[PDB]
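A.B. asks: After the structure tokens below, expect a handful of questions from me.
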Amino acid sequence: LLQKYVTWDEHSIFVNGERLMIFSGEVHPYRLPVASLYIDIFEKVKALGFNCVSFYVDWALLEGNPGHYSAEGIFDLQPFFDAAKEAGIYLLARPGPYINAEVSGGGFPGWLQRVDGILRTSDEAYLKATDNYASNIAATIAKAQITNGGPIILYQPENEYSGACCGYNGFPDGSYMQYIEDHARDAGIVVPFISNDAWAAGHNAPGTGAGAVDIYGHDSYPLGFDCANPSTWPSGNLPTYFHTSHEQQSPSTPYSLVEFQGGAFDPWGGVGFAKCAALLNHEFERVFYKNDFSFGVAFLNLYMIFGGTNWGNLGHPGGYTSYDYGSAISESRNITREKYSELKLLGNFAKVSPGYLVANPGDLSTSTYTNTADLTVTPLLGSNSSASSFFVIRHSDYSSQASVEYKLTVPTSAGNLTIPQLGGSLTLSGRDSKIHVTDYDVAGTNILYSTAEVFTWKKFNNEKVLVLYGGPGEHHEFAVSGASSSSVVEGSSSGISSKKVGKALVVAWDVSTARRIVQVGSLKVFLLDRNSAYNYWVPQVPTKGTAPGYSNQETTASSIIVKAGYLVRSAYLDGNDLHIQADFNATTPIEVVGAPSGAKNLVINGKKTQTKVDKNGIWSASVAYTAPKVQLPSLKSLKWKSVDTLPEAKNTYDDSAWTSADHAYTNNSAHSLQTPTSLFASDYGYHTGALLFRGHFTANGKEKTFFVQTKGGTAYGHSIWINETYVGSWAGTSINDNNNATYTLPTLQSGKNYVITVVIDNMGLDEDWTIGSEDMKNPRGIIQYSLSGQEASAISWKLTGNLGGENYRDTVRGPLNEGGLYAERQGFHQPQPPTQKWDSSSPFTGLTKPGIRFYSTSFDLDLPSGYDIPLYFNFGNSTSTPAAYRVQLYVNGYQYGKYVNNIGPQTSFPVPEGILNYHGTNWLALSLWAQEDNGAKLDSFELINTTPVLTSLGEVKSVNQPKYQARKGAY
Ligand SMILES: *[C@@H]1O[C@H](CO)[C@@H](O[C@@H]2O[C@H](CO)[C@@H](O[C@@H]3O[C@H](CO[C@H]4O[C@H](CO[C@H]5O[C@H](CO)[C@@H](O)[C@H](O)[C@@H]5O[C@H]5O[C@H](CO)[C@@H](O)[C@H](O)[C@@H]5O)[C@@H](O)[C@H](O[C@H]5O[C@H](CO)[C@@H](O)[C@H](O)[C@@H]5O[C@H]5O[C@H](CO)[C@@H](O)[C@H](O)[C@@H]5O)[C@@H]4O)[C@@H](O)[C@H](O[C@@H]4O[C@H](CO)[C@@H](O)[C@H](O)[C@@H]4O)[C@@H]3O)[C@H](O)[C@H]2NC(C)=O)[C@H](O)[C@H]1NC(C)=O
Ligand SMILES: *[C@@H]1O[C@H](CO)[C@@H](O[C@@H]2O[C@H](CO)[C@@H](O[C@@H]3O[C@H](CO[C@H]4O[C@H](CO[C@H]5O[C@H](CO)[C@@H](O)[C@H](O)[C@@H]5O)[C@@H](O)[C@H](O[C@H]5O[C@H](CO)[C@@H](O)[C@H](O)[C@@H]5O)[C@@H]4O)[C@@H](O)[C@H](O[C@H]4O[C@H](CO)[C@@H](O)[C@H](O)[C@@H]4O)[C@@H]3O)[C@H](O)[C@H]2NC(C)=O)[C@H](O)[C@H]1NC(C)=O
Ligand SMILES: *[C@@H]1O[C@H](CO)[C@@H](O[C@@H]2O[C@H](CO)[C@@H](O[C@@H]3O[C@H](CO[C@H]4O[C@H](CO)[C@@H](O)[C@H](O[C@H]5O[C@H](CO)[C@@H](O)[C@H](O)[C@@H]5O)[C@@H]4O)[C@@H](O)[C@H](O)[C@@H]3O)[C@H](O)[C@H]2NC(C)=O)[C@H](O)[C@H]1NC(C)=O
Ligand SMILES: *[C@@H]1O[C@H](CO)[C@@H](O[C@@H]2O[C@H](CO)[C@@H](O[C@@H]3O[C@H](CO)[C@@H](O)[C@H](O)[C@@H]3O)[C@H](O)[C@H]2NC(C)=O)[C@H](O)[C@H]1NC(C)=O
Ligand SMILES: *[C@@H]1O[C@H](CO)[C@@H](O[C@@H]2O[C@H](CO)[C@@H](O)[C@H](O)[C@H]2NC(C)=O)[C@H](O)[C@H]1NC(C)=O
Ligand SMILES: *[C@@H]1O[C@H](CO)[C@@H](O)[C@H](O)[C@H]1NC(C)=O
Ligand SMILES: *[C@@H]1O[C@H](CO)[C@@H](O)[C@H](O)[C@H]1NC(C)=O
Ligand SMILES: OC[C@H]1O[C@@H](O)[C@H](O)[C@@H](O)[C@H]1O
Ligand code: NA
């Protein structure tokens, strides 16, 4: 349309005039604030055989101060774009403005609570509020487009623009979407627009007029988000109508799933992400992802591939600090989960199967393709008698854990066949699915059929290599057209049959843990068991330079096959040295297949390695691994300093400099006031972290009770004092976002002045999932209050959140990082705080009454270089009845954890190298808020590490860590 780099037809997208099956993974740059680590994520995604990454941009972090867009330092997107280009990964940009994503406000900055218009509509005030951000982010993305030499190939306007409720009846608003599209185009965006409908409803599909996107897309999370029963696969959850709906809604464009389940989020009081990983495990992937291929999906993006962390209060109340998501790449960036290895098998299959893109998806059947109704097969038939076809098979009841025997009856260029032709039966184990192929082209050689699945294939000079695999206890068969015989060139010939049937050479075999290589003419067929295949990698090999380049026919053709361990990042040829960059977490046997003709030596991670070659031309070597010593400090033994971070509870506290909560009106269009003046924090520019309110009044002696309704979001809590006297606390629960309470008060003297201090923990702002719900506008603060014997107006209020509010103090760490606690307002959470005159008390001693104390200490690290080592701060929780207390974890000024002992479920908090300094000094700080009469203290709090990984990853550069500085106007 506006450019020729990215085009499409009914079958697929074309990049540079070449068909490309887009297999993408979702990654959020703001959830990993360490620029030097972006390359690690991209290389791990590229190693799966993927060629694209989808990302959101969080507006709340870029325009915290209305009118000032800021995306520099850790918020700079350039290093993210650079890493993508370096790794050879294209990008789908999804800037919102609304992104949902389980982040605070669903992306909306807190000041949107003051906008007089319904969010995500054509209301004038809302549209105008988005103009500054939209112009800036679109301009940034425009420069990184493929048309300008960058990685960005697609652009998503809005997010799940799929429904409305609660009084808003303008959906679907054609001019609303057209407005977002026009503005992006006006800012320079020329790549195609792709949508992500919540369900297959055809919203904004081509031909729908104003607002229509270029390529219609939709999302799907068939197993839901409740990970409590990981082995339970509900009846009917597997979708079977995606192809039918696609042909009715957008037949002119490639079938696209812009967001397909790759894990699940987890709420406060949830079950933990380990269970989400177990629900969306490797079995889920092979069954559901192959099911997507049965529909002929041409663009598939998995949400999330890497989740990261909701550091610095960036998340919503519907979730906690961690955003591990149970995805293939863990929060600490590791790839030990079996689902990662399984996904690699499918990604690599797609990367070498262009015939799949031009096959025609058909109707599923329980009788046409096998001899048993217990199995369902969906065909993707070739255009003509000689074109390749694909058959996706699964149990008819997708949740079945049964093992079923069968015979395949499919059409081929040689007629309708009944496989296995040489005898025996095929097997489909519990919760497994396979893609059987017919007339599969391997560089000119026709594989009439193969029951075992294809991992990859390559042509090296005149030699052709095909890698097949089967699951445990399976019997398979394949046939090569025009071949005359075969020879077993590796392994025993036991269990392998070879015979000519018609004009094809048929080979039968049984899966084994021992690899077998069968030579059929110029074709070498590797016969593997699934678990051995897990250790194979297919790195591209650059002609010149070290970067692999984007994925296309040429770069795919010159790739090599490497059997190794934990990870293979890349490979390149320099002179006669073949360089391979890899990671190891154990002693690892190495095998290189297809080394370039000019390659004479093998260099692994810069080290010359002793290599030997076998009969099949395979290079072999070994990499030894020895767990290094990792010296970590004992947190309990460090020297701690602490200070009372609730000076407001003293009669000497002066709040004159605090903001006066004197607005006799609210700017919140979704909530009318119930108090004399607004006590909604956002009306005064305070949208993040602890919020404090102080109500001044002169007693008349008739007071008895103080009723109050506070609101801080799901799992929040509050504590109250009247002058120096403790009144009470609401410790919170996983199902409460607000609380009503009538507190009795101690006797007061008529004529004297008192101040009621209310401390409220803000858990973030809500998303606005359904247009018209205005949920994002749910306020934070005091909703109602009543002091018996007194008029409400008798109380004059002061309030404070983070120092400066929207005019936040930490431009480096962002608008959400710090809250309103005294120590935070002073900047004591940063490196080198002024602890000279502080008390020498540690969090292991804690408090003996309700209150809040701030702790500080430091420790040095000097971890072994050459290793990628994940570090975690772990809190103990072994008691039956949990004490009620809240903790905020600060590392070198960055808040990396909110711990609520009585709500959970997170006890282990990972912090990446870059935030933590592995070869320098580190400043640790904690706020400890006791919400029970007996006070609170930590019994177990440690810094621990997981398996050290011998890596080729470059040394991580520490991010900017601004030190403490006395702040003007602080209080
Ligand atoms: C360094 O990094 C690496 C990554 O690069 C890390 O390695 C990963 O570690 C994961 C553990 O955290 C592991 O995942 C768990 O796997 C458990 C084992 O089950 C799987 O493997 C069985 C085969 O075992 C062989 O392979 C595995 C590795 O895949 C290895 O650990 C074993 O020692 C063994 O290796 C030997 O053989 C291979 C070749 O085969 C060689 O390469 C090796 O050198 C060794 O010689 C496999 O049978 C099993 O599959 C069956 O079961 C699953 C369900 O669990 C079915 O889906 C599947 O269909 C199949 O079932 C059929 O067949 C069986 C057998 O006939 C039959 O009985 C059934 O009826 C059915 O017909 C798996 O692939 C697994 O138990 C575990 O699951 C957990 O527990 C429960 C299950 O009880 C589960 O529900 C929970 O969700 C939970 O996850 C995990 O899945 C990864 O596989 C592994 N990846 C790699 C690449 O190795 C390594 O940890 C790290 N090291 C350090 C120090 O950090
Ligand atoms: C450290 O380990 C400890 C364990 O040792 C662990 O503590 C457990 O944490 C879990 C998860 O947070 C707790 O389980 C949840 O508890 C929720 C809170 O339950 C209480 O509060 C409810 C709300 O009360 C207020 O609001 C309601 C209306 O909103 C109002 O009526 C009330 O008056 C009040 O204002 C309340 O409804 C609930 O009442 C039930 O239970 C009591 C006690 O038996 C009973 O008398 C009542 O009749 C009623 O049955 C209770 O008072 C709870 O809401 C939540 O349940 C929801 O979610 C689950 C899904 O997880 C759903 O299955 C369920 O249907 C609900 O939707 C859930 O049960 C658990 O209580 C803790 N265990 C202990 C011993 O304290 C820590 O989290 C760990 N910490 C870390 C860091 O990991
Ligand atoms: C703490 O106590 C408060 C009440 O003091 C609880 O909130 C009430 O909860 C009940 C039960 O869910 C709700 O009852 C529903 O009311 C519907 C009608 O709502 C309108 O009329 C209400 C009465 O005047 C009014 O309060 C309410 O205002 C809300 O919506 C407005 C527009 O959306 C908004 O401008 C206001 O700011 C406010 O948010 C509506 O105008 C009725 O149709 C339902 O059948 C049902 O009866 C009350 O509406 C709730 N009241 C409020 C103010 O929200 C709260 O749940 C308690 N907290 C806990 C944890 O228990
Ligand atoms: C890779 O990263 C993941 C995510 O951070 C790490 O997973 C966490 O691993 C720990 C330890 O195995 C899990 O805790 C354990 O849970 C079991 C089950 O309750 C319990 O029996 C053990 O005593 C222990 O508590 C934790 O649940 C898990 N968390 C998540 C989100 O999955 C993993 O450790 C990392 N692996 C490596 C090698 O770095
Ligand atoms: C409750 O606290 C308030 C302060 O918030 C007290 O009032 C201040 O008292 C100090 C002396 O301690 C004076 O210097 C200030 O001028 C007072 N300011 C106000 C608002 O009057 C108040 O006296 C305390 N009440 C009681 C009974 O102790
Ligand atoms: C081959 O099998 C198909 C079923 O897929 C059937 O429709 C056809 O009649 C059979 N014979 C032909 C035409 O090859
Ligand atoms: C908030 O309300 C006040 C009073 O009506 C008004 O002056 C101000 O412009 C409003 N702010 C916004 C952003 O609408
Ligand atoms: O994690 C669930 C995801 O579901 C998608 O539909 C949504 O667009 C994402 O923003 C996220 O909420
Ligand atoms: Na827990």
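To convert a position in the sequence shown, counted from 1, into the deposited numbering, add 40.
Just so it is clear, CB atoms sit at the ideal spot from N, CA and C, and this is done for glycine as well.
For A87 and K384, which I take to be in contact (beta-carbon distance under 8 Å), what is that distance rounded to the nearest angstrom?
C.D. replies: About 7 Å; that satisfies the 8 Å criterion.
A.B. asks: Which runs of the beta strand (DSSP E) spanning at least 3 residues fall entirely within the stretch 57-97, listed in chain order?
C.D. replies: The qualifying runs are 58-60, 62-67, 92-96.
A.B. asks: Measure the alpha-carbon distance for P106 versus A169 and round it to whole angstroms.
C.D. replies: Rounded to the nearest angstrom, the two C-alpha atoms are 9 Å apart.
A.B. asks: First and last residue of the alpha helix (DSSP H) that includes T596?
C.D. replies: From DSSP, the alpha helix (DSSP H) with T596 extends over 593-597.
A.B. asks: Within the same chain, show all residues whose beta-carbon is closer than 6 Å to that of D550, passing over the 5 residues directly before and after it, in chain order.
C.D. replies: Result list for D550: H515, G535, in chain order.
A.B. asks: Count the other CB atoms within 10 Å of the CB of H258; is the residue buried (16 or more) or exposed (fewer)?
C.D. replies: It counts as buried.
A.B. asks: On the criterion of 16 or more Cβ atoms from any shown chain inside 10 Å, does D979 qualify as buried, or is it exposed?
C.D. replies: With fewer than 16 other Cβ atoms within 10 Å, it is exposed.
A.B. asks: Let me have the residue list for ligand 3: C-beta closer than 6 Å to any non-hydrogen atom, ordered along the chain.
C.D. replies: Listed by chain position, these are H711, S712, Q749, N776, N778, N779, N780.
A.B. asks: In its own chain, which residues sit with a C-beta less than 6 Å from the C-beta of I835, not counting the 5 before and 5 after it?
C.D. replies: Once the five neighbours on either side are set aside, the close Cβ partners of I835 are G735, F737.
A.B. asks: Is residue 1017 near ligand 1 - that is, is its Cβ less than 6 Å away from at least one heavy atom of it?
C.D. replies: The displayed coordinates of the chain run from 41 to 1011. Any statement about residue 1017 would go beyond what the structure contains.
A.B. asks: Excluding five sequence neighbours on each side, which residues of the same chain lie with their C-beta closer than 6 Å to the C-beta of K474?
C.D. replies: Cβ neighbours of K474 beyond the five flanking positions: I433, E493.
A.B. asks: Below 8 Å on the Cβ atoms is my contact criterion, and I expect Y365 with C316 to pass it. Report the Cβ-Cβ distance as a whole number of Å.
C.D. replies: Between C316 and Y365 the Cβ distance is about 7 Å, and since that is below 8 Å, they are a contact.
A.B. asks: Where DSSP assigns a beta bridge to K183, which residues make up the other side?
C.D. replies: Answer is none; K183 lacks a bridge partner.
A.B. asks: Between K751 and ligand 5, is there a pair consisting of the residue's CB and a ligand heavy atom that are separated by less than 6 Å?
C.D. replies: The answer is no for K751.
A.B. asks: Taking only heavy atoms of ligand 1 into account, decide whether any of them is closer than 6 Å to the Cβ of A573.
C.D. replies: Answer for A573: no, Cβ out of range of ligand 1.
A.B. asks: Cutting at 6 Å between CB atoms, please list the residues of its own chain near residue 1067, excluding the five before and the five after it.
C.D. replies: Absent from the model: residue 1067. The displayed extent of the chain is 41 to 1011, so no value can be given.
A.B. asks: Who are the Cβ neighbours of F624 in its own chain at under 6 Å, not counting the five residues just before and after it?
C.D. replies: Cβ neighbours of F624 beyond the five flanking positions: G605, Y606, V663, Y665, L990.
A.B. asks: In this structure, what does DSSP give as the bridge partners for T349?
C.D. replies: According to DSSP, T349 bridges with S362.
A.B. asks: Which residues does DSSP pair with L102 in a beta bridge?
C.D. replies: Partner(s): none; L102 has no beta bridge.
A.B. asks: Between the Cα of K676 and the Cα atoms of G916, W497, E814, which residue gives the shortest distance?
C.D. replies: Taking only the C-alpha atoms, the option nearest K676 is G916.
A.B. asks: Kindly give me the distance between the Cβ atoms of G470 and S443, rounded to whole angstroms, as I take these residues to be in contact under 8 Å.
C.D. replies: About 6 Å; that satisfies the 8 Å criterion.
A.B. asks: Tell me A548's beta-bridge partners as DSSP assigns them.
C.D. replies: Answer is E517, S537.
A.B. asks: Quick check on the burial criterion: 16 or more other C-beta atoms within 10 angstroms. Buried or exposed for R134?
C.D. replies: The residue in question, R134, is buried, as its Cβ has 16 or more Cβ neighbours within 10 Å.
A.B. asks: Could you please give the first and the last residue of the uninterrupted alpha helix (DSSP H) stretch that includes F265?
C.D. replies: Looking at the DSSP string, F265 is not in any alpha helix (DSSP H), and its letter there is neither H nor E.
A.B. asks: Please classify residue 18 as buried or exposed, where buried requires at least 16 neighbouring CB atoms within 10 angstroms.
C.D. replies: Within the shown structure, residues of the chain are numbered from 41 to 1011, placing residue 18 beyond reach of any answer.
A.B. asks: Would you decide whether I984 is buried or exposed? Buried here means 16 or more other CB atoms lie within 10 Å of its CB.
C.D. replies: So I984 counts as exposed.
A.B. asks: Apart from the five residues on each side of it in sequence, which residues of its chain come closer than 8 Å, Cβ to Cβ, to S465?
C.D. replies: Counting only Cβ-Cβ distances below 8 Å, and skipping sequence neighbours, we find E445, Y446, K447, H515.
A.B. asks: Could you check how far apart the C-beta atoms of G729 and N842 are, in whole angstroms? I think they sit under 8 Å.
C.D. replies: Going by Cβ atoms, the distance from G729 to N842 rounds to 6 Å, so yes, they are a contact pair.
A.B. asks: Quick check: what's the CA-CA separation for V417 versus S439?
C.D. replies: Whole-angstrom Cα-Cα distance: 15 Å.
A.B. asks: For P149, does the three-state DSSP call read helix, strand or coil?
C.D. replies: It is coil, neither helix nor strand.
A.B. asks: So for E953, helix, strand or coil by DSSP?
C.D. replies: In this structure, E953 counts as strand in the three-state DSSP scheme.
A.B. asks: Grab the span of the beta strand (DSSP E) containing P197 for me, first residue to last.
C.D. replies: Unbroken beta strand (DSSP E) run through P197: 192-197.
A.B. asks: Using CA coordinates, which residue listed in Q714, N140, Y939 is at the minimum distance from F981?
C.D. replies: It is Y939 whose Cα lies nearest to the Cα of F981.
A.B. asks: Are there any heavy atoms of ligand 1 lying less than 6 Å away from the beta-carbon of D569, as far as the coordinates show?
C.D. replies: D569: yes, Cβ under 6 Å from ligand 1.
A.B. asks: Hey, would you say the C-beta of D437 is under 6 Å away from at least one heavy atom of ligand 8?
C.D. replies: Checking the Cβ of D437 against ligand 8 gives no.
A.B. asks: Could you tell me the boundaries of the beta strand (DSSP E) in which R556 lies?
C.D. replies: Element bounds for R556: 556-560.
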